[PDB]
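Positions are given from 1, in the same order as the sequence printed here.
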Amino acid sequence: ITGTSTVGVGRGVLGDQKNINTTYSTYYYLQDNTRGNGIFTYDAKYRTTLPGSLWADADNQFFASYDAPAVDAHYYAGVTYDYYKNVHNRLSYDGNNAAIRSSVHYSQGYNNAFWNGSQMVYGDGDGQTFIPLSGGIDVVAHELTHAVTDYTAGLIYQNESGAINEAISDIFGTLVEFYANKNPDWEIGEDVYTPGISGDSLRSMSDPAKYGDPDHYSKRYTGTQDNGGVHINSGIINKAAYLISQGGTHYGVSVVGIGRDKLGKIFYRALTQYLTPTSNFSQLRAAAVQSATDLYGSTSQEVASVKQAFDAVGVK
Ligand SMILES: CC[C@H](C)[C@H](N)C(=O)N[C@@H](CCCC[NH3+])C(=O)O
Ligand SMILES: [Ca+2]
Ligand SMILES: [Ca+2]
Ligand SMILES: [Ca+2]
Ligand SMILES: [Ca+2]
Ligand SMILES: [Zn+2]
C-alpha cells in the first residue's frame with residue numbers, strides 16, 4: 001500500500017517485545033519499506049486461501065495474542081534479509097530486492113511452515129506439537145532459504161538433490177539464528193516445538209541420529225516417504241556442515257573446524273555458483289571443494305576440512 005513508513009511495537013510468540021517496521025495509510029500495516037521492495041505480512045485468518053489480507057492494525061501496537069505470530073514472521077523476515085545482504089551481499093531471495101511476503105494463521109492447528117513458490121506460510125500449531133511456527137528464527141530463515149535455493153541452484157525437491165535443498169535451509173536457518181545471536185544452537189525449531197518438553201527439537205545438525213536421522217551415507221534412506229527422505233537424508237549433509245564449522249571426530253575421522261563464517265561463505269558460493277537442479281551428494285562435495293578452493297586456495301586448511309568432513313559422513 002502507499003503510505004508513510006512508521007515504527008510499531010509488539011510482542012512475539014515467546015513474549016519478547018520488539019519494534020517492527022510498518023506503513024501508515026488509515027491503518028498501520030505490516031509493510032516494512034526499509035528492506036528492498038518491502039517485507040509484507042498477511043493474515044490468513046485460519047483459512048488456506050493465500051495470501052489473505054495485508055495485516056492491518058488500528059494503533060501500531062501489536063500486543064494481542066493473535067498479533068504475536070505476525071510480529072515474529074515480519075521481524076524475522078527482516079533479520080533474514082539483513083543476514084543475506086550484510087553477510088553475502090545478496091539483496092533478497094532473488095538478488096534483486098524481491099518483496100518478501102509471509103502469511104500467518106494458516107489453517108487450524110497446522111503443525112508446519114513452508115515456502116509455496118511465492119511466499120512464506122506459517123501455521124499456528126496445535127498447541128501441543130507446535131506453537132506458532134514463526135516464533136522460531138531458524139524456521140523463518142529455513143523457509144526463506146528455500147526461496148534463495150529455488151532462484152539459484154534450483155535443487156529438485158526429491159532424493160539426494162532434495163536432501164541437499166533441505167540441508168541448505170537448515171544450514172542457513174542456523175547461521176541466521178547465530179547472526180541474530182539471541183539463543184543460538186545447531187538444533188532446528190527448538191523454540192516452537194513441543195512447549196511441554198524441554199530440550200528437544202525437530203532435527204539436530206550436531207547429532208542427527210538424536211531424532212532418527214542418518215549421520216553417514218551408509219545409513220541413507222532409499223524408500224519413497226518424504227519425497228525420498230529429504231528431511232531424513234539431510235542429516236548426512238547437516239552433519240558434514242556441522243563438522244566443517246565446529247570440528248570433531250565422527251566414525252573415527254577427525255575434522256578440524258574452520259568456524260561458522262567460513263562454513264557460510266563456502267556453502268553460499270557452492271549454492272550460487274556450482275550446484276545445479278540435479279546435484280547429488282557427490283556433486284555437493286565437489287562444489288564445496290571448488291568453492292573453498294576459490295576462496296582459500298587448494299592447499300588450505302579450509303579445503304582440507306571440507307574433504308575431511310565429507311569423508312567423515314561417507315560422501316566421496
Ligand atoms: C524448518 C522447520 C519447518 C517446520 C520445515 N517445513 C520442516 O522441516 N518440516 C518438516 C518437519 C515437520 C514439521 C512439522 N510436522 C516436514 O517434514 O514437513
Ligand atoms: Ca493494535
Ligand atoms: Ca535456539
Ligand atoms: Ca535452532
Ligand atoms: Ca520442546
Ligand atoms: Zn524445508
Side-chain angles (χ1 to χ4, degrees), residues 11-16 41-52 64-77 80 102-116 119-146 157 162-163 165-167 169-174 176-177 180 182-215 221 223-235 238:
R11 274 183 307 254
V13 172
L14 298 184
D16 48 332
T41 302
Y42 297 79
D43 193 358
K45 305 178 177 175
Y46 309 135
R47 296 185 68 97
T48 60
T49 298
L50 291 173
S65 289
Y66 188 83
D67 301 337
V71 167
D72 279 343
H74 198 63
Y75 184 92
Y76 293 143
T80 304
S102 306
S103 300
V104 302
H105 299 302
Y106 180 78
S107 196
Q108 296 189 27
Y110 188 75
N111 286 321
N112 220 326
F114 53 101
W115 172 259
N116 80 344
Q119 64 165 104
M120 278 304 307
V121 183
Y122 300 93
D124 290 324
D126 63 17
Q128 295 288 126
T129 311
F130 280 99
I131 63 179
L133 284 83
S134 58
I137 193 178
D138 54 356
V139 175
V140 171
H142 170 116
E143 303 304 345
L144 188 51
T145 297
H146 284 304
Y157 206 65
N165 183 318
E166 269 300 308
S169 278
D170 285 345
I171 291 163
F172 289 106
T174 292
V176 172
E177 181 172 298
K182 186 192 305 192
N183 304 309
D185 54 52
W186 289 94
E187 307 283 297
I188 307 298
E190 63 289 338
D191 286 342
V192 293
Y193 189 57
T194 58
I197 308 169
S198 157
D200 60 347
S201 72
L202 290 174
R203 293 180 288 273
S204 173
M205 301 181 70
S206 61
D207 181 11
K210 185 191 273 216
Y211 301 107
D213 296 323
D215 59 2
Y221 176 75
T224 65
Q225 299 170 12
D226 185 35
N227 290 120
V230 301
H231 298 93
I232 298 174
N233 292 327
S234 60
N238 283 347

Check: ring pair (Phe, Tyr, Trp, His ring centres under 6.0 Å): which pairs involve residues 119-139, sequence neighbours left out?
Finding: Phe130-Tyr193
Note to self: Return the CG to NZ distance between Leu14 and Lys182, rounded to the nearest 0.5 Å.
What the structure shows: 7.0 Å
Check: Of the non-hydrogen atoms in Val176 and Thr80, which two are nearest, and what is the gap between them?
Finding: CG1-OG1, 3.9 Å
Margin query: Which residues pass the ring-ring contact (aromatic ring centres under 6.0 Å, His included) test with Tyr106, not counting sequence neighbours?
Written below: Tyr110, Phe114
Notebook entry, point to check: Looking at residues at least two apart in the chain, or sitting in another chain, which of them share a salt bridge (charged side-chain N to carboxylate O under 4.0 Å, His left out) with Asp126?
Noted result: none
Notebook entry, point to check: Roughly how far, to the nearest 0.5 Å, is the CG atom of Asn227 from the CG atom of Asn233?
Noted result: 12.0 Å
Margin query: Under a 3.5 Å distance rule, please check whether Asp191 uses its side chain to pair with a backbone N or O of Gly136 as donor and acceptor.
Written below: no
Next item on the list: Can you see which heavy atom on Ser103 is nearest to which on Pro51, and at what distance?
Entry: OG-O, 2.6 Å
Margin query: Restricting to non-hydrogen atoms, name the atom on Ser169 and the atom on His142 that form the minimum distance, rounded to 0.1 Å.
Written below: OG-O, 2.8 Å
Next item on the list: Could you list the residues that satisfy side chain to side chain contact (heavy atoms under 4.5 Å, CB included) with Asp213, not counting sequence neighbours?
Entry: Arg203, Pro208, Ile232
Note to self: Applying side chain to side chain contact (heavy atoms under 4.5 Å, CB included), can you list everything that pairs with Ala209, at least two apart in sequence or on another chain?
What the structure shows: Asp207, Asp215
Item checked: Contacts of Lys210 that satisfy salt bridge (charged side-chain N to carboxylate O under 4.0 Å, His left out) - sequence neighbours left out -> none
Next item on the list: Only counting residues at least two apart or in another chain, list the ones meeting side chain to side chain contact (heavy atoms under 4.5 Å, CB included) with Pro195.
Entry: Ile131
Notebook entry, point to check: For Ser107, does its backbone N or O pair with a side-chain atom of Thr48 as donor and acceptor, under 3.5 Å?
Noted result: no
Check: So which heavy atom on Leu50 is nearest to which on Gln119, and how close?
Finding: CB-OE1, 3.5 Å
Checklist line | Backbone of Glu177 reached by a side-chain donor or acceptor of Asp138 within 3.5 Å | finding: no
Item checked: Residues forming a salt bridge (charged side-chain N to carboxylate O under 4.0 Å, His left out) with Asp72, sequence neighbours excluded -> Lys18
Next item on the list: Using ring-ring contact (aromatic ring centres under 6.0 Å, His included) as the criterion, list what pairs up with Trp115, not counting sequence neighbours.
Entry: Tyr93
Notebook entry, point to check: Quick one: are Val230 and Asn165 in side-chain contact, heavy atoms under 4.5 Å?
Noted result: no
Next item on the list: Please name all residues satisfying side chain to side chain donor-acceptor pair (under 3.5 Å) with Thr174, sequence neighbours left out, ordered by chain then number.
Entry: none
Next item on the list: Return the minimal non-hydrogen interatomic distance between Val192 and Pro132, and the atom names on each side.
Entry: CG1-O, 3.4 Å
Notebook entry, point to check: Which heavy atom in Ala141 sits nearest to a heavy atom in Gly173, and how many Å separate them?
Noted result: CB-CA, 3.7 Å
Notebook entry, point to check: What residues form a side chain to side chain contact (heavy atoms under 4.5 Å, CB included) with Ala70, not counting sequence neighbours?
Noted result: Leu30, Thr41, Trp55, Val104
Notebook entry, point to check: Any luck finding a side-chain donor-acceptor pair between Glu187 and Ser201 under 3.5 Å?
Noted result: yes
Checklist line | Donor-acceptor contact present, side-chain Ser234 to main-chain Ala167, <3.5 Å | finding: no
Next item on the list: Report yes if the side chains of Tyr76 and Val139 come closer than 4.5 Å at any heavy-atom pair, otherwise no.
Entry: no
Margin query: Does any part of the side chain of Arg11, heavy atoms only, come nearer than 4.5 Å to the side chain of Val71, both counted from C-beta?
Written below: no
Check: Which residues pass the side chain to side chain donor-acceptor pair (under 3.5 Å) test with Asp43, sequence neighbours left out?
Finding: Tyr66
Notebook entry, point to check: So with a 6.0 Å cut-off around OH of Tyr75, is the heavy-atom count from everything else above 12?
Noted result: no
Next item on the list: Taking the side chain as every heavy atom from C-beta outward, state whether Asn183 and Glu190 have any pair of such atoms under 4.5 Å apart.
Entry: no
Margin query: I'd like to know whether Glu166 forms a side chain to side chain contact (heavy atoms under 4.5 Å, CB included) with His146, so could you lay out the CA-CA distance, the side-chain angles of the two residues, the decisive distance to 0.1 Å, and finally the verdict.
Written below: CA-CA 8 Å; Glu166 269 300 308; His146 284 304; 3.1 Å; yes
